[PDB]
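All remarks here apply to the structure that follows.
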Amino acid sequence: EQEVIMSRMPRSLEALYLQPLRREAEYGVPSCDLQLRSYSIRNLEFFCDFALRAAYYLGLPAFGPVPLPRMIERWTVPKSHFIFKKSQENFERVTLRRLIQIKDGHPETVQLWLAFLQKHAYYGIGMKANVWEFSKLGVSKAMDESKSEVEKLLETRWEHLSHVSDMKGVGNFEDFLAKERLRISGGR
Amino acid sequence: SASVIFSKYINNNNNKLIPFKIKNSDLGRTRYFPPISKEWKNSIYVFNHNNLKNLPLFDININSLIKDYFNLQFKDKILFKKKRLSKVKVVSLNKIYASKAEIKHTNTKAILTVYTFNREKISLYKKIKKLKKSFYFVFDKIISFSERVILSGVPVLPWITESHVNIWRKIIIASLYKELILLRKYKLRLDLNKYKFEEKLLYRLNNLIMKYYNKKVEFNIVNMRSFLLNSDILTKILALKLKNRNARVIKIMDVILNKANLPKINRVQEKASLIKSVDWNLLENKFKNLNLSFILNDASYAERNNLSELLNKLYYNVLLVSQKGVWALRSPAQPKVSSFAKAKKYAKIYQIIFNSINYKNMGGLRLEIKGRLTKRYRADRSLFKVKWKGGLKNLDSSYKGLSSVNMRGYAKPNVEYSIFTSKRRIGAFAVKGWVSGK
Amino acid sequence: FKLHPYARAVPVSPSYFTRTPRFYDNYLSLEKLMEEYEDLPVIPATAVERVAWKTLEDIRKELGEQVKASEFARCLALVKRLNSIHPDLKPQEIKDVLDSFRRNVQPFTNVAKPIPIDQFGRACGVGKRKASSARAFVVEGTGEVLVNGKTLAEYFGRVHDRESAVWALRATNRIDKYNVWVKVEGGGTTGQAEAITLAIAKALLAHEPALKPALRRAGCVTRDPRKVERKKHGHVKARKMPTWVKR
RNA sequence: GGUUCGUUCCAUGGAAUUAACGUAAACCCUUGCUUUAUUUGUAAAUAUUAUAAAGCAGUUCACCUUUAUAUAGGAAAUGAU
Ligand SMILES: [K+]
Ligand SMILES: [K+]
Ligand SMILES: [Mg+2]
Ligand SMILES: [Mg+2]
Ligand SMILES: [Mg+2]
Numbered sequence: 081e082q083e084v085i086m087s088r089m090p091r092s093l094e095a096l097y098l099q100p101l102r103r104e105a106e107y108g109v110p111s112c113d114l115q116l117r118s119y120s121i122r123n124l125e126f127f128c129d130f131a132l133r134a135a136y137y138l139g140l141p142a143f144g145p146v147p148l149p150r151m152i153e154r155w156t157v158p159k160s161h162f163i164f165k166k167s168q169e170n171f172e173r174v175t176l177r178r179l180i181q182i183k184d185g186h187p188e189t190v191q192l193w194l195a196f197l198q199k200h201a202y203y204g205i206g207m208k209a210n211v212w213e214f215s216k217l218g219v220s221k222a223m224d225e226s227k228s229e230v231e232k233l234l235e236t237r238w239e240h241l242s243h244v245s246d247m248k249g250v251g252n253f254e255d256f257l258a259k260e261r262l263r264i265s266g267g268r
Numbered sequence: 017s018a019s020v021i022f023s024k025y026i027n028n029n030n031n032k033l034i035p036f037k038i039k040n041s042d043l044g045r046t047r048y049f050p051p052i053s054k055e056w057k058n059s060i061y062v063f064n065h066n067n068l069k070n071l072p073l074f075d076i077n078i079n080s081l082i083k084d085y086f087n088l089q090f091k092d093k094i095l096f097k098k099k100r101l102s103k104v105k106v107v108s109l110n111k112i113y114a115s116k117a118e119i120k121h122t123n124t125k126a127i128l129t130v131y132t133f134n135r136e137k138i139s140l141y142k143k144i145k146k147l148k149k150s151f152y153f154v155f156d157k158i159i160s161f162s163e164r165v166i167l168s169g170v171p193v194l195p196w197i198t199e200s201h202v203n204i205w206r207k208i209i210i211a212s213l214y215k216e217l218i219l220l221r222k223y224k225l226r227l228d229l230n231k232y233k234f235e236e237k238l239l240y241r242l243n244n245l246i247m248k249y250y251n252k253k254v255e256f257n258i259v260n261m262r263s264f265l266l267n268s269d270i271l272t273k274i275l276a277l278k279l280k281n282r283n284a285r286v287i288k289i290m291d292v293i294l295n296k297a298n299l300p301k302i303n304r305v306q307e308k309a310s311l312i313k314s315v316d317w318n319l320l321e322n323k324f325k326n327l328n329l330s331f332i333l334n335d336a337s338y339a340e341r342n343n344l345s346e347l348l349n350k351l352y353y354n355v356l357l358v359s360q361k362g363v364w365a366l367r368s369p403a404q405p406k407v408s409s410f411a412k413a414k415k416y417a418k419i420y421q422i423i424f425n426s427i428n429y430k431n432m433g434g435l436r437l438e439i440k441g442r443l444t445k446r447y448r449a450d451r452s453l454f455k456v457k458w459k460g461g462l463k464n465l466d467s468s469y470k471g472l473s474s475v476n477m478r479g480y481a482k483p484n485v486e487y488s489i490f491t492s493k494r495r496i497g498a499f500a501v502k503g504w505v506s507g508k
Numbered sequence: 069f070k071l072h073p074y075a076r077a078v079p080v081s082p083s084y085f086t087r088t089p090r091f092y093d094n095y096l097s098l099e100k101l102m103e104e105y106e107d108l109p110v111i112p113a114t115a116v117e118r119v120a121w122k123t124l125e126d127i128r129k130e131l132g133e134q135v136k137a138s139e140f141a142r143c144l145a146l147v148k149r150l151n152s153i154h155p156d157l158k159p160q161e162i163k164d165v166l167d168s169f170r171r172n173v174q175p176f177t178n179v180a181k182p183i184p185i186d187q188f189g190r191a192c193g194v195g196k197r198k199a200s201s202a203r204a205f206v207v208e209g210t211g212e213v214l215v216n217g218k219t220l221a222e223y224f225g226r227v228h229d230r231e232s233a234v235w236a237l238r239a240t241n242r243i244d245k246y247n248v249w250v251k252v253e254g255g256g257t258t259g260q261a262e263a264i265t266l267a268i269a270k271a272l273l274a275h276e277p278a279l280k281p282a283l284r285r286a287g288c289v290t291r292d293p294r295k296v297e298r299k300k301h302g303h304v305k306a307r308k309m310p311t312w313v314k315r
């Protein structure tokens, strides 16, 4: 029952007060391009630092945030609903965006990174990721052999879905997805 | 070996090396960046704009649901209250007022913020609190006493079943019916007022709002201590007062302004500018070379090797009993918390947090009423009254000369504008209201 | 615990009814010190270390009073008089009151980074114009000039633009001392020509910094900020208005 | 009565002391510079175009002139910048 004088604090807590660390890419082949967008700059710059700290723990060498060109829309409208036309005013909607590109990233590890950002996404930010991956010839046979592998991973996930025996509200399965997807996206 | 397709992406390496340059210029403090949720009602971005075009319309529908949701009341038959029927429609000022909703959107959910001024709780809590302690003290005796004579022989047991408890309970109700229905009234009306902010009743409102956004909505209800701290709640209250025919317009505006308390100020110091001088306390100027390989390499202090020793000198550390001392731990169901979480003192952090927030104090107040507000039922002319107390200026920029961040390209970040439209028996009128913060 | 039976409100400062109580209280204190230490010797102003005294604005904000410029101007003549007292003979009382009138304001420092010279002896200068940006690599040579790979004559079909692009070398009479390899982008013929003028001038100063007084009078150091004005609603152009019909 | 782009500032009045709005300040684009970032932009690169976040900068210093001694102004391709 004695008191110990801690020489320092956990590195997880110290790293929160340093600039986000970055791994070094040995080859430099891009494995993911995450483009973040928002109408504000304060939440976009904050979440980009948070996204770089996650890429460090996963061993992903991230590059950026690269400031991409601003997307500026413009509208000139009359200030009066009725006749008065010699008086108009300009409006705009500037989209601020950043790019975080990961290189030499393992395909699965890159998907945990993306899965983490979506779970802890910051409000007011839209995200889009392009993932790359190398594969061998014979894609047809590769995707048929991996069926048994994916089935085992889903054994515990089928519980999410449940329907009455011989679901009749669906009808044509494929046509249901195609039409239900449009209804979810709002038209397309 | 490797693939050719792979080698064609290695050679494309013309990157610029991070130089770690040393700053030789003096840096000022960054502007005050106001929150993002206060620029647009919907803080959102989506790549498919089909989820973006109906938001202006939904804001109207959502605000209607929230307004009517907070006005829910028991039926007179549930509380046994005798309804006093009458033709006139009574205006209720002692309810929960709510402002327009601010929604933070993600691809997974939406956080709906709404500022409320709970005026009904102020009355119910004081009214029920008048019931003195003797009520509950004596009521306990009736329980014990009743068990000695009814559920026992004349002067937990295995010969007392629920079939007897029922009769034993009805006897108490029959003798205290006029008193229980009274306590039940205020107890239920107070709990209803309480559950409106809890998940007991909010999970139902979620099902109604969730149909507009197709995402689960999380509520962030902020209770305002004064109805003057939010413009939406202010113009709403002033509008309900003016809706009565016999309402004295000018008198009602004066009573509201009298309730508004402005802080003491020195006019000569507030309107005094600021001379731009390098602040050597800023972490940017104190260390012009931010690399630890230079800071921790015995630059100024003698053996401050530990990165923690450096951080403790810059920031306020709660883990330390002495602010610039040492972090001494103790070495040899219940909640899972550190053995020192109870000793942590967030006394100076509240100062750090709340001093870094601008526009806290109420700076100025402005009310405008315009429309048909005469008392007689004829075709008179429109009225227009204006009252104000304080100013709507952005003192940080107009006087001190600091740089501000205007909202939506033209609006001052310290003012709240809200308009509420109503109508008398003779025509329509509107109540505009501005509220600024210092 | 009970209040005192006899009590009356009294002003704290004797300058209660004055225009600026706090100022006069501090001004009268100086009048008292000066009248007390007037016999001490002084030093000629030439041997008095220059001090940055506060301004009329710093006092208004500090004292929270609306001090007058004329009344403060004479209060500033005392601190300058008392400051002239001999340091060794200056009393500690005057040393303290004088420290409250010093202005410790430091202006911000923003020094441009000097243009280096590559290991191969080529310095890069950058110039700009209406919409163009130039990068000139000036190296010791014979006088060969290239613009986007093309020669100076194959690129500019107007001799006026050629002379303006290398005007810095011409004005200083060094066309035959350096070889320029320019790379321009954006803008037009004259926009790019004037952009190279500033680019070569900056690169030239990296080799011979003592030519700036000459490039000044030549007009190759100044950056011309003129820019096309946007079109404005209600106008046919930046400033041209549509026909106004009186009737 | 002076002065200022300006109810700006100074002085003054046998009556003034203050508040709000406009004004001003600040904000957006643009100009020079500093730091950060380097892809989908950059010939190369020991990083200089471009891209875009934050910060600094002017009527600031020098020169000349200067009322009531209180508040200032002028000079404009041959002082600095
Ligand atoms: K034009
Ligand atoms: K740049
Ligand atoms: Mg006057
Ligand atoms: Mg203005
Ligand atoms: Mg590339």
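Protein chains in written order, with full-length UniProt numbering: chain A, 81 to 268; chain B, 17 to 171, 193 to 369, 403 to 508; chain C, 69 to 315.
Cβ coordinates follow ideal geometry from the N, Cα and C atoms, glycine included.
Per DSSP, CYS192(C) is paired with what?
Stepping through the third sequence from its first residue, residue 192(C) is reached at position 124. According to DSSP, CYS192(C) bridges with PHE205(C).
For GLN89(B), which option in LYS222(B), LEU319(B) and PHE410(B) has the closest C-alpha, if you only look at C-alpha atoms?
Within the second sequence, numbered from 1, the residue matching residue 89(B) stands at position 73. The shortest C-alpha separation from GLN89(B) is found at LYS222(B).
Check whether residue 15(C) and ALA274(C) have beta carbons under 8 Å apart
An answer regarding residue 15(C) cannot be provided, because it is not within the stretch 69 to 315 covered by chain C.
Cutting at 6 Å between CB atoms, please list the residues of its own chain near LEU453(B), excluding the five before and the five after it.
Taking the second sequence and counting its residues from 1, the one referred to as residue 453(B) is at position 383. Here the set comprises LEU443.
What number of angstroms, rounded off, separates the C-alpha of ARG307(C) from the C-alpha of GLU262(C)?
One-based indexing of the third sequence puts residue 307(C) at position 239. One-based indexing of the third sequence puts residue 262(C) at position 194. Each residue's alpha carbon lies about 26 Å from the other.
In whole angstroms, what is the alpha-carbon distance linking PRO110(A) and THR236(A)?
One-based indexing of the first sequence puts residue 110(A) at position 30. One-based indexing of the first sequence puts residue 236(A) at position 156. In a straight line, the C-alpha of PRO110(A) is about 34 Å away from that of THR236(A).
If contact means a Cβ-Cβ distance below 8 Å, which residues of the region 305 to 326 of chain B contact chain C?
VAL305, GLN306, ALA309, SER310, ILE312, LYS313, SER314 and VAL315
Can you tell me which of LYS445(B), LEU229(B), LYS157(B) and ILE38(B) puts its alpha carbon nearest to the alpha carbon of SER330(B)?
In the second sequence, residue 330(B) corresponds to position 293, counting from 1. Ranking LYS445(B), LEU229(B), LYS157(B) and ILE38(B) by Cα distance to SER330(B) puts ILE38(B) first.
Using the C-alpha atoms, what's the distance from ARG446(B) back to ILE208(B)?
By 1-based counting over the second sequence, the position of residue 208(B) is 171. By 1-based counting over the second sequence, the position of residue 446(B) is 376. Answer to the nearest angstrom: the Cα atoms are 59 Å apart.
Residue interval of the beta strand (DSSP E) (run including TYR131(B))
Start at 1 with the first residue of the second sequence, and residue 131(B) comes out as number 115. That run of the beta strand (DSSP E) goes 125 to 134.
Does the beta-carbon distance from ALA199(C) to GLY132(C) come in below 8 Å?
Looking up residue 199(C) in the third sequence gives position 131. Looking up residue 132(C) in the third sequence gives position 64. Their beta carbons are not under 8 Å apart, which means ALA199(C) does not touch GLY132(C) by this criterion.
Per-residue DSSP class, three states only, for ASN230(B):
Here residue 230(B) refers to the residue found at position 193 of the second sequence. Note: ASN230(B) maps to helix in three-state DSSP.
Let me check you understand the geometry: is the CB of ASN28(B) closer than 7 Å to at least one non-hydrogen atom of ligand 5?
Position 12 of the second sequence, counted from the first residue, corresponds to residue 28(B). Yes, since a heavy atom of ligand 5 falls inside the 7 Å radius drawn around the Cβ of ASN28(B).
Answer yes or no: do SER310(B) and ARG88(A) have a C-beta to C-beta separation smaller than 8 Å?
Here the question's residue 310(B) lines up with position 273 in the second sequence. Here the question's residue 88(A) lines up with position 8 in the first sequence. No, the pair does not count as a contact, with Cβ atoms beyond the cut-off.
Indicate whether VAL289(C) and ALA269(C) have their beta-carbon atoms separated by less than 8 Å.
As a working mapping, residue 289(C) is identified with position 221 in the third sequence. As a working mapping, residue 269(C) is identified with position 201 in the third sequence. In contact: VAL289(C) and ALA269(C) (Cβ atoms closer than 8 Å).
Taking the alpha-carbon positions, what's the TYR232(B) to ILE60(B) distance?
Here the question's residue 232(B) lines up with position 195 in the second sequence. Here the question's residue 60(B) lines up with position 44 in the second sequence. If you take the alpha carbons of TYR232(B) and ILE60(B), they lie about 29 Å apart.
Given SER408(B) as reference, the closest of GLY362(B), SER426(B), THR46(B) and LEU356(B) once Cα atoms are compared:
Position 338 of the second sequence, counting from 1, holds the residue named residue 408(B). Looking at the Cα atoms, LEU356(B) is the closest of the given residues.
Collapsed DSSP secondary structure at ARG171(C) in the structure displayed:
If you number the third sequence from 1, residue 171(C) lands on position 103. Note: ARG171(C) maps to coil in three-state DSSP.
CA-to-CA distance, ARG203(C) to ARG197(C), given in whole angstroms:
Residue numbering aside, residue 197(C) sits at position 129 when the third sequence is read from its first letter. Residue numbering aside, residue 203(C) sits at position 135 when the third sequence is read from its first letter. Spanning the two alpha carbons is a distance of roughly 12 Å.
By the 10 Å Cβ neighbour count, where 16 or more other Cβ atoms means buried, how is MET290(B) classified, buried or exposed?
Position 253 of the second sequence, counting from 1, holds the residue named residue 290(B). So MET290(B) counts as buried.
So, is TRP317(B) buried or exposed, given that buried needs 16 or more other C-beta atoms within 10 angstroms?
Taking the second sequence and counting its residues from 1, one reaches residue 317(B) at position 280. So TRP317(B) ends up on the exposed side.
How would you call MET151(A), buried or exposed, if buried means at least 16 neighbouring beta carbons within 10 angstroms?
Mapped onto the first sequence, residue 151(A) falls at position 71. So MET151(A) counts as exposed.
CA nearest to the CA of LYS111(B), picked from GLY441(B), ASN87(B) and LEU128(B)
Translated into positions along the second sequence, residue 111(B) becomes position 95. Here the closest residue by C-alpha is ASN87(B).
Where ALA113(C) sits in the DSSP three-state scheme:
The sequence position of residue 113(C) within the third sequence is 45, counting from 1. In the structure shown, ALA113(C) sits in a helix (DSSP, three-state: H, G or I).
At which residues does the alpha helix (DSSP H) containing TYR420(B) begin and terminate?
Locating residue 420(B) in the second sequence gives position 350, counting from the first residue. Its alpha helix (DSSP H) spans residues 417 to 425.
Comparing the C-beta of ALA201(A) with each C-beta of chain B, is any distance below 8 Å?
As a working mapping, residue 201(A) is identified with position 121 in the first sequence. Answer yes: the Cβ-Cβ gap between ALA201(A) and chain B drops below 8 Å somewhere.
Flag this pair as yes or no: are the beta carbons of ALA276(B) and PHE490(B) separated by less than 8 Å?
Looking up residue 276(B) in the second sequence gives position 239. Looking up residue 490(B) in the second sequence gives position 420. Closer than 8 Å, so yes.
At 9 Å on the CB atoms, spell out the chain B contacts of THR177(C), in chain order.
Counting from 1 along the third sequence, the entry for residue 177(C) is found at position 109. Neighbours of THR177(C) on chain B, chain order: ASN40, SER41, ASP42 and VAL315.
Ligand 7 and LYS245(C): does any heavy atom of the ligand fall closer than 7 Å to the residue's C-beta?
Among the ligands in the structure shown, ligand 7 does not appear; only ligand 1, ligand 2, ligand 3, ligand 4 and ligand 5 can be found there.
Nearest to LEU124(A) by CA position, among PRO90(A), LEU96(A) and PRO147(A), is which residue?
The count along the first sequence starts at 1 and reaches residue 124(A) at position 44. Nearest option by C-alpha distance: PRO147(A).
Could you tell me which chain B residues have their CB closer than 8 Å to the CB of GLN187(C), listed as they occur along the chain?
For the purposes of this step, residue 187(C) is identified with residue 119 of the third sequence, where counting begins at 1. Going along chain B, no residue has its Cβ under 8 Å from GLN187(C), so there is no contact; the nearest lies around 17 Å.
Near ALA239(C), which residues of its chain fall below 6 Å by C-beta distance, leaving aside the five closest residues on each side in sequence?
Translated into the one-based positions of the third sequence, residue 239(C) becomes position 171. Excluding residues within five positions, the ones whose Cβ falls inside 6 Å are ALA286.
Counting only C-beta atoms, is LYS166(A) closer than 8 Å to chain C at any point?
Sequence index remark: in the first sequence, residue 166(A) carries index 86 (1-based). Chain C contact via Cβ: present.
What residues in the region 229 to 255 of chain B bring their beta carbon closer than 8 Å to a beta carbon of chain A?
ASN251
Tell me whether the region 247 to 264 of chain B and the region 124 to 139 of chain B touch, counting them as touching only if at least three CB pairs, one residue from each stretch, are closer than 8 Å.
yes
Nearest-angstrom Cβ-Cβ length linking residue 33(C) and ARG170(C), presumed shorter than 8 Å
What is shown of chain C runs 69 to 315, which leaves residue 33(C) out entirely.
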